[PDB]
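input_6.txt (compact mmCIF, C-alpha atoms and all ligand atoms) appears below.
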```txt
# COMPACT_ATOMS: atom_id res chain seq x y z
CA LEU A 1 133.82 -86.56 -65.48
CA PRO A 2 136.75 -85.93 -67.81
CA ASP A 3 139.05 -88.94 -68.10
CA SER A 4 142.04 -86.76 -67.18
CA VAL A 5 142.73 -83.45 -65.39
CA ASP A 6 145.91 -81.42 -64.84
CA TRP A 7 145.40 -78.11 -63.05
CA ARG A 8 148.90 -77.06 -64.13
CA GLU A 9 147.45 -76.60 -67.63
CA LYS A 10 145.01 -74.03 -66.26
CA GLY A 11 147.84 -72.11 -64.60
CA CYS A 12 146.48 -72.84 -61.11
CA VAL A 13 149.61 -74.44 -59.64
CA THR A 14 152.58 -72.45 -58.32
CA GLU A 15 156.08 -73.85 -58.60
CA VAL A 16 157.22 -76.75 -56.44
CA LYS A 17 158.58 -75.73 -53.02
CA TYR A 18 161.36 -77.23 -50.88
CA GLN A 19 160.46 -77.65 -47.18
CA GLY A 20 163.98 -78.61 -46.10
CA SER A 21 164.39 -80.10 -42.63
CA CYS A 22 161.20 -78.47 -41.36
CA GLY A 23 158.15 -80.74 -41.30
CA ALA A 24 155.88 -78.19 -42.96
CA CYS A 25 154.38 -80.48 -45.60
CA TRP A 26 150.90 -79.76 -44.20
CA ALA A 27 151.46 -76.02 -44.62
CA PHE A 28 152.63 -76.40 -48.23
CA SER A 29 149.68 -78.66 -48.99
CA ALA A 30 147.26 -76.10 -47.55
CA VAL A 31 148.66 -73.05 -49.35
CA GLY A 32 148.87 -75.01 -52.60
CA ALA A 33 145.17 -75.81 -52.41
CA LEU A 34 144.26 -72.19 -51.68
CA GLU A 35 146.63 -70.92 -54.40
CA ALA A 36 144.50 -72.66 -57.04
CA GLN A 37 141.28 -71.16 -55.67
CA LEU A 38 142.83 -67.68 -55.55
CA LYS A 39 143.79 -68.09 -59.22
CA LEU A 40 140.27 -69.17 -60.12
CA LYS A 41 138.70 -66.23 -58.25
CA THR A 42 141.05 -63.36 -59.09
CA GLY A 43 142.95 -64.64 -62.12
CA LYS A 44 146.33 -64.12 -60.43
CA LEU A 45 148.64 -67.01 -59.54
CA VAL A 46 150.45 -66.21 -56.27
CA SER A 47 152.52 -68.36 -53.93
CA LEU A 48 151.12 -68.06 -50.41
CA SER A 49 153.12 -68.12 -47.16
CA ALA A 50 153.68 -71.60 -45.77
CA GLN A 51 155.80 -69.91 -43.09
CA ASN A 52 152.73 -67.87 -42.10
CA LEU A 53 150.96 -71.12 -41.20
CA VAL A 54 154.01 -72.64 -39.49
CA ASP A 55 154.44 -69.62 -37.21
CA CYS A 56 150.76 -68.78 -36.65
CA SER A 57 148.46 -71.81 -37.15
CA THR A 58 149.92 -73.35 -34.02
CA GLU A 59 148.71 -74.78 -30.69
CA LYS A 60 145.19 -73.40 -30.97
CA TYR A 61 144.86 -75.35 -34.22
CA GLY A 62 146.50 -78.54 -33.00
CA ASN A 63 149.59 -77.96 -35.14
CA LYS A 64 153.27 -78.11 -34.15
CA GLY A 65 154.99 -76.10 -36.88
CA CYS A 66 158.12 -77.83 -38.16
CA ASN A 67 156.95 -80.92 -36.28
CA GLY A 68 153.72 -81.41 -38.20
CA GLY A 69 150.15 -80.17 -38.56
CA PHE A 70 146.76 -80.54 -40.28
CA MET A 71 145.69 -79.05 -43.61
CA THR A 72 142.08 -78.62 -42.39
CA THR A 73 142.98 -76.67 -39.25
CA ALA A 74 145.40 -74.63 -41.36
CA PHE A 75 142.41 -73.67 -43.49
CA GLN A 76 140.39 -72.74 -40.40
CA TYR A 77 143.26 -70.55 -39.19
CA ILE A 78 143.10 -68.63 -42.47
CA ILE A 79 139.33 -68.25 -42.04
CA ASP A 80 139.65 -67.14 -38.38
CA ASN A 81 142.61 -64.88 -39.16
CA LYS A 82 140.71 -63.40 -42.13
CA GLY A 83 143.75 -63.84 -44.36
CA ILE A 84 147.16 -65.26 -45.17
CA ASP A 85 150.25 -63.43 -46.40
CA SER A 86 152.00 -64.02 -49.71
CA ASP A 87 155.13 -66.16 -49.75
CA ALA A 88 157.13 -63.14 -50.98
CA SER A 89 156.12 -60.98 -48.01
CA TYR A 90 156.49 -63.75 -45.42
CA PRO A 91 159.28 -66.02 -46.82
CA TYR A 92 159.89 -69.64 -45.83
CA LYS A 93 162.79 -70.15 -43.41
CA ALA A 94 162.29 -73.85 -42.66
CA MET A 95 162.12 -73.18 -38.92
CA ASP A 96 159.65 -72.26 -36.18
CA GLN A 97 159.36 -68.50 -35.70
CA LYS A 98 157.16 -66.10 -33.76
CA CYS A 99 153.92 -65.27 -35.61
CA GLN A 100 154.58 -62.29 -37.86
CA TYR A 101 151.30 -62.07 -39.77
CA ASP A 102 150.41 -58.61 -41.09
CA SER A 103 147.21 -57.90 -43.01
CA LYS A 104 149.06 -55.33 -45.12
CA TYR A 105 150.69 -58.31 -46.85
CA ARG A 106 147.46 -60.34 -47.14
CA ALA A 107 147.33 -62.15 -50.47
CA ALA A 108 144.34 -64.44 -49.97
CA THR A 109 141.37 -65.22 -47.74
CA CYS A 110 139.30 -68.34 -47.07
CA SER A 111 135.60 -68.62 -46.22
CA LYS A 112 135.30 -72.37 -45.64
CA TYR A 113 136.79 -75.79 -46.32
CA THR A 114 135.36 -79.21 -47.10
CA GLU A 115 136.56 -82.63 -45.98
CA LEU A 116 135.69 -85.44 -48.41
CA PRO A 117 134.35 -88.82 -47.21
CA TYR A 118 137.01 -91.35 -46.16
CA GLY A 119 138.64 -93.36 -48.95
CA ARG A 120 136.15 -92.61 -51.72
CA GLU A 121 138.44 -92.16 -54.73
CA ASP A 122 135.53 -91.48 -57.08
CA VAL A 123 134.45 -88.62 -54.81
CA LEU A 124 138.02 -87.30 -54.81
CA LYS A 125 138.05 -87.49 -58.61
CA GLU A 126 134.87 -85.42 -58.77
CA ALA A 127 136.33 -82.78 -56.45
CA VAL A 128 139.59 -82.52 -58.38
CA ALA A 129 137.61 -82.20 -61.63
CA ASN A 130 134.96 -79.73 -60.49
CA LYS A 131 136.54 -77.87 -57.57
CA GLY A 132 140.31 -77.80 -58.01
CA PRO A 133 143.49 -79.18 -56.35
CA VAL A 134 142.83 -81.14 -53.16
CA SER A 135 144.99 -81.43 -50.05
CA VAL A 136 145.48 -85.05 -48.98
CA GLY A 137 147.52 -87.22 -46.68
CA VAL A 138 149.54 -90.15 -48.00
CA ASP A 139 151.68 -92.86 -46.44
CA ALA A 140 155.17 -91.79 -47.51
CA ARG A 141 157.18 -93.80 -44.97
CA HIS A 142 158.44 -96.39 -47.47
CA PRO A 143 161.96 -96.25 -49.04
CA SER A 144 160.42 -96.57 -52.51
CA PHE A 145 158.59 -93.26 -52.12
CA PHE A 146 161.81 -91.31 -51.53
CA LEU A 147 163.42 -93.06 -54.51
CA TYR A 148 160.53 -92.49 -56.89
CA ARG A 149 161.68 -91.20 -60.27
CA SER A 150 158.93 -91.82 -62.82
CA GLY A 151 155.94 -93.85 -63.99
CA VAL A 152 153.02 -94.73 -61.72
CA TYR A 153 153.93 -95.30 -58.07
CA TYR A 154 152.63 -98.52 -56.56
CA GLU A 155 154.03 -99.86 -53.30
CA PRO A 156 152.76 -103.25 -52.00
CA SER A 157 153.83 -102.23 -48.49
CA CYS A 158 151.84 -98.98 -48.43
CA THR A 159 149.10 -98.55 -45.84
CA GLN A 160 146.16 -96.24 -45.16
CA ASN A 161 148.01 -94.72 -42.19
CA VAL A 162 148.85 -91.33 -43.70
CA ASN A 163 151.74 -89.20 -42.42
CA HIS A 164 152.68 -86.84 -45.23
CA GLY A 165 150.65 -83.87 -46.47
CA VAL A 166 150.63 -83.28 -50.21
CA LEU A 167 148.46 -81.87 -52.99
CA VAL A 168 146.51 -83.71 -55.69
CA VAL A 169 146.57 -81.42 -58.74
CA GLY A 170 145.12 -83.85 -61.26
CA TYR A 171 144.58 -87.40 -62.42
CA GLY A 172 144.70 -89.56 -65.51
CA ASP A 173 146.26 -92.75 -66.85
CA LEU A 174 149.74 -93.63 -68.07
CA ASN A 175 150.19 -96.81 -70.11
CA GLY A 176 147.13 -98.59 -68.77
CA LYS A 177 147.78 -97.37 -65.22
CA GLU A 178 145.43 -94.91 -63.52
CA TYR A 179 147.06 -92.35 -61.26
CA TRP A 180 146.65 -89.22 -59.15
CA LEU A 181 148.99 -86.32 -60.02
CA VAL A 182 150.62 -85.28 -56.74
CA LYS A 183 152.57 -82.11 -56.00
CA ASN A 184 155.10 -82.74 -53.22
CA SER A 185 157.13 -80.21 -51.22
CA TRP A 186 160.61 -81.72 -51.35
CA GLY A 187 161.88 -79.47 -54.14
CA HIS A 188 161.96 -79.87 -57.92
CA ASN A 189 164.53 -82.67 -57.67
CA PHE A 190 162.16 -85.17 -56.10
CA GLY A 191 160.33 -87.52 -58.49
CA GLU A 192 159.25 -85.94 -61.78
CA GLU A 193 160.33 -82.39 -61.03
CA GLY A 194 158.65 -82.30 -57.65
CA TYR A 195 155.65 -84.40 -58.69
CA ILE A 196 154.70 -88.03 -58.25
CA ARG A 197 152.01 -90.02 -60.05
CA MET A 198 150.44 -92.34 -57.48
CA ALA A 199 148.25 -95.39 -58.20
CA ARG A 200 144.57 -94.47 -58.55
CA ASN A 201 141.60 -96.80 -57.99
CA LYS A 202 143.87 -99.38 -56.39
CA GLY A 203 142.14 -99.74 -53.04
CA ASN A 204 142.93 -96.26 -51.69
CA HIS A 205 146.65 -96.88 -52.22
CA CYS A 206 148.86 -95.28 -49.58
CA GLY A 207 145.64 -93.79 -48.19
CA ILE A 208 145.61 -91.01 -50.76
CA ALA A 209 141.81 -90.67 -50.53
CA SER A 210 141.68 -91.22 -46.76
CA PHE A 211 141.54 -87.56 -45.70
CA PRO A 212 141.06 -85.14 -48.62
CA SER A 213 140.06 -81.50 -48.07
CA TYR A 214 139.87 -78.32 -50.14
CA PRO A 215 139.26 -74.64 -49.29
CA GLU A 216 137.05 -72.06 -50.96
CA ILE A 217 137.18 -68.28 -51.19
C1 LIG A 301 155.23 -83.21 -43.17
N1 LIG A 301 156.27 -82.50 -43.38
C2 LIG A 301 154.89 -83.86 -41.87
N2 LIG A 301 153.62 -84.50 -41.73
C3 LIG A 301 152.53 -83.96 -41.19
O1 LIG A 301 152.57 -82.82 -40.75
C4 LIG A 301 151.30 -84.70 -41.15
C5 LIG A 301 150.38 -84.39 -42.36
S1 LIG A 301 148.92 -85.42 -42.55
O2 LIG A 301 148.31 -85.28 -44.00
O3 LIG A 301 149.28 -86.94 -42.25
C6 LIG A 301 147.73 -84.85 -41.31
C7 LIG A 301 146.54 -85.72 -41.14
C8 LIG A 301 146.59 -86.92 -40.33
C9 LIG A 301 145.43 -87.74 -40.18
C10 LIG A 301 144.20 -87.37 -40.83
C11 LIG A 301 144.14 -86.19 -41.63
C12 LIG A 301 145.30 -85.37 -41.79
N3 LIG A 301 150.61 -84.43 -39.85
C13 LIG A 301 151.12 -85.05 -38.58
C14 LIG A 301 150.79 -84.11 -37.44
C15 LIG A 301 149.45 -83.60 -37.21
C16 LIG A 301 149.19 -82.71 -36.12
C17 LIG A 301 150.25 -82.31 -35.24
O4 LIG A 301 150.00 -81.48 -34.22
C18 LIG A 301 151.57 -82.80 -35.46
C19 LIG A 301 151.84 -83.68 -36.55
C20 LIG A 301 150.61 -86.51 -38.30
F1 LIG A 301 151.07 -87.01 -37.11
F2 LIG A 301 149.25 -86.59 -38.29
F3 LIG A 301 151.06 -87.36 -39.27
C21 LIG A 301 155.84 -83.86 -40.64
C22 LIG A 301 155.98 -84.90 -41.53
```
Whole structure given in structure tokens:
Amino acid sequence: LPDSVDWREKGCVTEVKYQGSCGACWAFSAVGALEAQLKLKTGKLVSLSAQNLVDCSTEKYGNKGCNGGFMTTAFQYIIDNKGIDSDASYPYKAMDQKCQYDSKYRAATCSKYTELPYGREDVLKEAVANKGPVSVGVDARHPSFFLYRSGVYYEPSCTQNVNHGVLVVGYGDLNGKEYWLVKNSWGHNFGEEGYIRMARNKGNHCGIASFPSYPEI
């Protein structure tokens, strides 16, 4: 496998989004993963509707909109629904709304998703290298996470109890420190312009490799 990967260099990553006070991290993680696939399949980079998932991938999928959800069930919703609208056609309002999906605004589809084996960082590396960006859950409950500004994030108090949905868009090493390149959804002002480099191959740090999954078109 290549020593480093950055899907932003292949134009497969849309710009960082800001979820606001709505717990839609899972929805942003899911669309971000599909956005890369759509780019690989059609050649067009398009932001997909996180709001679409918030309002429609609900109870039936075990999700609670602005109060949390799963990236995997979000993927299944897209498969079952036979589509997902573009962000432009179904804009993010940071609040729970009635489902307003309309196939005339469909911007992507999904045929299946894959959940990687628990905590295998090498397997995650392979997926990121050969498949594309991967949705993952990380433990982001620690004060240090919120205050992260640069370098490689390592928190002694992190655990494998994930609670925040994000997107791994690459990996590499910075000054002798291996890391996973993570796209967050707290706006471009968080970390390094919306991104955070988290410790890689450090005992599944913050549970980043605990529950990885990626969709396919
Ligand atoms: C992000 N804004 C938000 N967190 C979640 O929605 C969170 C994402 S996750 O990656 O931890 C989901 C996950 C957990 C365990 C194993 C694989 C994936 N999901 C939360 C959640 C899930 C389902 C419902 O119905 C509500 C909430 C939780 F509880 F799992 F962390 C809100 C902060």
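Each of A:156, A:191, A:165, A:132 was checked against residue 214 in chain A using only C-alpha atoms; the smallest atom-to-atom distance is that of A:132.
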message: So the first atom is atom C21 of ligand LIG 301 (chain A) and the second is CA of residue 126 in chain A; what is the distance between them in Å, to one decimal place?
response: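 Answer for the atom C21 of ligand LIG 301 (chain A) to CA of residue 126 in chain A separation: 27.8 Å.
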message: The residues within 9 Å of (146.8, -72.4, -55.7), using all atoms listed in the file and the coordinates of the file, should be reported as a ChimeraX atom specification; which are they?
response: /A:11-14,30-40,45-48,132-133
field: Polymer residues at most 7 Å from range 71-78 of chain A, all atoms listed in the file, same-chain spacing of 6 or more positions, as a list in words
entry: residues 26, 27, 29, 30, 53, 57, 61, 84, 109, 110, 113, 135, 213 and 215 of chain A
Write out as a Markdown table a residue-level contact list of chain A versus ligand LIG 301 (chain A) with cut-off 6 Å: for each qualifying residue the closest pair of atoms and the distance in Å to one decimal, counting only C-alpha atoms and all ligand atoms, rows sorted by chain and residue number upward.
```
| residue | atom | partner | partner_atom | distance |
| --- | --- | --- | --- | --- |
| A:23 | CA | A:LIG301 | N1 | 3.3 |
| A:24 | CA | A:LIG301 | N1 | 4.3 |
| A:25 | CA | A:LIG301 | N1 | 3.5 |
| A:26 | CA | A:LIG301 | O1 | 4.9 |
| A:62 | CA | A:LIG301 | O4 | 4.7 |
| A:63 | CA | A:LIG301 | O4 | 3.7 |
| A:64 | CA | A:LIG301 | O4 | 4.7 |
| A:67 | CA | A:LIG301 | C21 | 5.4 |
| A:68 | CA | A:LIG301 | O1 | 3.1 |
| A:69 | CA | A:LIG301 | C16 | 3.7 |
| A:70 | CA | A:LIG301 | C6 | 4.5 |
| A:136 | CA | A:LIG301 | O2 | 5.7 |
| A:137 | CA | A:LIG301 | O2 | 3.4 |
| A:162 | CA | A:LIG301 | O3 | 4.6 |
| A:163 | CA | A:LIG301 | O3 | 3.3 |
| A:164 | CA | A:LIG301 | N2 | 4.3 |
| A:165 | CA | A:LIG301 | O2 | 3.7 |
| A:211 | CA | A:LIG301 | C11 | 5.0 |
```
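Residues lying within 6 Å of residue 179 in chain A, counting only C-alpha atoms and ignoring same-chain neighbours fewer than 2 positions away, are residues 171, 172, 173, 197, 198, 199 and 200 of chain A.
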- request: Can you work out which one of A:188, A:217, A:152, A:127 has the shortest atom-to-atom distance to residue 83 in chain A, counting all atoms listed in the file?
  value: A:217
task: For each of A:142, A:8, A:17, A:93, take the minimum atom-to-atom distance to residue 168 in chain A, counting all atoms listed in the file, then give the residue where this is smallest.
output: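 Ranked by minimum distance to residue 168 in chain A, first place goes to A:8.
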query: Please, what distance in Å, to one decimal, runs between CA of residue 148 in chain A and CA of residue 190 in chain A?
result: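 These atoms are spaced 7.5 Å apart.
The list of residues with at least one atom within 9 Å of residue 194 in chain A, based on only C-alpha atoms and without residues fewer than 3 positions apart in the same chain, reads residues 15, 16, 17, 18, 182, 183, 184, 185, 186, 187, 188, 189, 190 and 191 of chain A.
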statement: In terms of only C-alpha atoms, the residue from A:116, A:128, A:1, A:88 at minimal distance from residue 209 in chain A is A:116
query: For the atom pair CA of residue 92 in chain A and CA of residue 147 in chain A, what is the interatomic distance in Å to one decimal place?
result: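 Going from CA of residue 92 in chain A over to CA of residue 147 in chain A, I get 25.2 Å.
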- prompt: Which of these residues is nearest to residue 145 in chain A, using all atoms listed in the file: A:107, A:201, A:129, A:196?
  reply: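 Result for the nearest residue to residue 145 in chain A: A:196.
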Using the file's own x, y and z axes, what box holds all listed atoms of range 162-176 of chain A with 3 Å on each side, keeping edges along x, y and z, and what are its centre and edge lengths in Å to one decimal, as AutoDock Vina command-line options?
```
--center_x 148.6 --center_y -90.0 --center_z -56.3 --size_x 14.1 --size_y 23.2 --size_z 33.7
```
query: Pick from A:160, A:175, A:21, A:42: nearest to residue 207 in chain A, with only C-alpha atoms counted?
result: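 The shortest atom-to-atom distance to residue 207 in chain A comes from A:160.
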Fewer than 4 positions away in the same chain doesn't count, so skip those; otherwise give me all residues within 7 Å of residue 52 in chain A, counting only C-alpha atoms, as a tab-separated table (two decimals) with C-alpha atoms, in the coordinates of the input.
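The new file selection_29.tsv reads:
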```
chain	number	residue	atom	x	y	z
A	56	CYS	CA	150.76	-68.78	-36.65
A	84	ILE	CA	147.16	-65.26	-45.17
A	85	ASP	CA	150.25	-63.43	-46.40
A	90	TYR	CA	156.49	-63.75	-45.42
A	101	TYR	CA	151.30	-62.07	-39.77
```
Could N, CA and C atoms be built for range 4-38 of chain A and written out as a tab-separated table (two decimals), keeping the file's coordinate frame?
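And here's result10.tsv as it stands now:
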```tsv
chain	number	residue	atom	x	y	z
A	4	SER	N	140.84	-87.30	-67.78
A	4	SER	CA	142.04	-86.76	-67.18
A	4	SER	C	141.92	-85.26	-66.84
A	5	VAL	N	142.70	-84.83	-65.85
A	5	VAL	CA	142.73	-83.45	-65.39
A	5	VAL	C	144.14	-83.10	-64.93
A	6	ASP	N	144.59	-81.89	-65.25
A	6	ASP	CA	145.91	-81.42	-64.84
A	6	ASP	C	145.77	-79.91	-64.61
A	7	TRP	N	145.57	-79.52	-63.36
A	7	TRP	CA	145.40	-78.11	-63.05
A	7	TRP	C	146.61	-77.23	-63.40
A	8	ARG	N	147.74	-77.84	-63.74
A	8	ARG	CA	148.90	-77.06	-64.13
A	8	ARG	C	148.62	-76.43	-65.50
A	9	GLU	N	147.80	-77.10	-66.30
A	9	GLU	CA	147.45	-76.60	-67.63
A	9	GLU	C	146.55	-75.38	-67.56
A	10	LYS	N	145.91	-75.17	-66.42
A	10	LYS	CA	145.01	-74.03	-66.26
A	10	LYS	C	145.72	-72.93	-65.47
A	11	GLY	N	147.04	-73.09	-65.33
A	11	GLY	CA	147.84	-72.11	-64.60
A	11	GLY	C	147.41	-71.90	-63.16
A	12	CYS	N	146.93	-72.96	-62.50
A	12	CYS	CA	146.48	-72.84	-61.11
A	12	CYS	C	147.42	-73.47	-60.08
A	13	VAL	N	148.63	-73.80	-60.52
A	13	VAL	CA	149.61	-74.44	-59.64
A	13	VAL	C	150.93	-73.66	-59.61
A	14	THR	N	151.33	-73.19	-58.43
A	14	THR	CA	152.58	-72.45	-58.32
A	14	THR	C	153.72	-73.45	-58.44
A	15	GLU	N	154.95	-72.95	-58.47
A	15	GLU	CA	156.08	-73.85	-58.60
A	15	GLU	C	156.33	-74.67	-57.34
A	16	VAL	N	156.92	-75.84	-57.53
A	16	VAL	CA	157.22	-76.75	-56.44
A	16	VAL	C	158.15	-76.10	-55.40
A	17	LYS	N	157.82	-76.29	-54.13
A	17	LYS	CA	158.58	-75.73	-53.02
A	17	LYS	C	159.44	-76.79	-52.35
A	18	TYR	N	160.43	-76.35	-51.58
A	18	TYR	CA	161.36	-77.23	-50.88
A	18	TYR	C	161.26	-76.95	-49.36
A	19	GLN	N	160.64	-77.86	-48.62
A	19	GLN	CA	160.46	-77.65	-47.18
A	19	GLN	C	161.71	-77.80	-46.32
A	20	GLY	N	162.75	-78.43	-46.86
A	20	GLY	CA	163.98	-78.61	-46.10
A	20	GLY	C	163.78	-79.53	-44.90
A	21	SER	N	164.51	-79.29	-43.82
A	21	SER	CA	164.39	-80.10	-42.63
A	21	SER	C	163.27	-79.72	-41.67
A	22	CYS	N	162.35	-78.89	-42.16
A	22	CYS	CA	161.20	-78.47	-41.36
A	22	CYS	C	159.96	-79.23	-41.83
A	23	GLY	N	159.33	-79.97	-40.93
A	23	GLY	CA	158.15	-80.74	-41.30
A	23	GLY	C	156.94	-79.86	-41.53
A	24	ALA	N	156.96	-79.10	-42.62
A	24	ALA	CA	155.88	-78.19	-42.96
A	24	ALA	C	155.07	-78.65	-44.16
A	25	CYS	N	155.11	-79.94	-44.46
A	25	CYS	CA	154.38	-80.48	-45.60
A	25	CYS	C	152.90	-80.06	-45.56
A	26	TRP	N	152.30	-80.13	-44.37
A	26	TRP	CA	150.90	-79.76	-44.20
A	26	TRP	C	150.65	-78.31	-44.60
A	27	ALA	N	151.60	-77.43	-44.28
A	27	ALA	CA	151.46	-76.02	-44.62
A	27	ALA	C	151.57	-75.80	-46.13
A	28	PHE	N	152.47	-76.53	-46.78
A	28	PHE	CA	152.63	-76.40	-48.23
A	28	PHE	C	151.42	-76.98	-48.94
A	29	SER	N	150.87	-78.06	-48.39
A	29	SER	CA	149.68	-78.66	-48.99
A	29	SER	C	148.53	-77.66	-48.92
A	30	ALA	N	148.34	-77.06	-47.75
A	30	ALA	CA	147.26	-76.10	-47.55
A	30	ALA	C	147.37	-74.89	-48.46
A	31	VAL	N	148.53	-74.23	-48.49
A	31	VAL	CA	148.66	-73.05	-49.35
A	31	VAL	C	148.48	-73.42	-50.82
A	32	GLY	N	149.00	-74.58	-51.22
A	32	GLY	CA	148.87	-75.01	-52.60
A	32	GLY	C	147.41	-75.13	-53.02
A	33	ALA	N	146.59	-75.65	-52.12
A	33	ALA	CA	145.17	-75.81	-52.41
A	33	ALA	C	144.50	-74.45	-52.54
A	34	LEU	N	144.84	-73.53	-51.64
A	34	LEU	CA	144.26	-72.19	-51.68
A	34	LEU	C	144.76	-71.40	-52.89
A	35	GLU	N	146.02	-71.62	-53.26
A	35	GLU	CA	146.63	-70.92	-54.40
A	35	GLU	C	145.80	-71.13	-55.67
A	36	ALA	N	145.31	-72.35	-55.87
A	36	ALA	CA	144.50	-72.66	-57.04
A	36	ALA	C	143.19	-71.87	-57.00
A	37	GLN	N	142.54	-71.88	-55.84
A	37	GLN	CA	141.28	-71.16	-55.67
A	37	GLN	C	141.48	-69.66	-55.92
A	38	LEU	N	142.55	-69.10	-55.37
A	38	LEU	CA	142.83	-67.68	-55.55
A	38	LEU	C	142.95	-67.38	-57.04
```
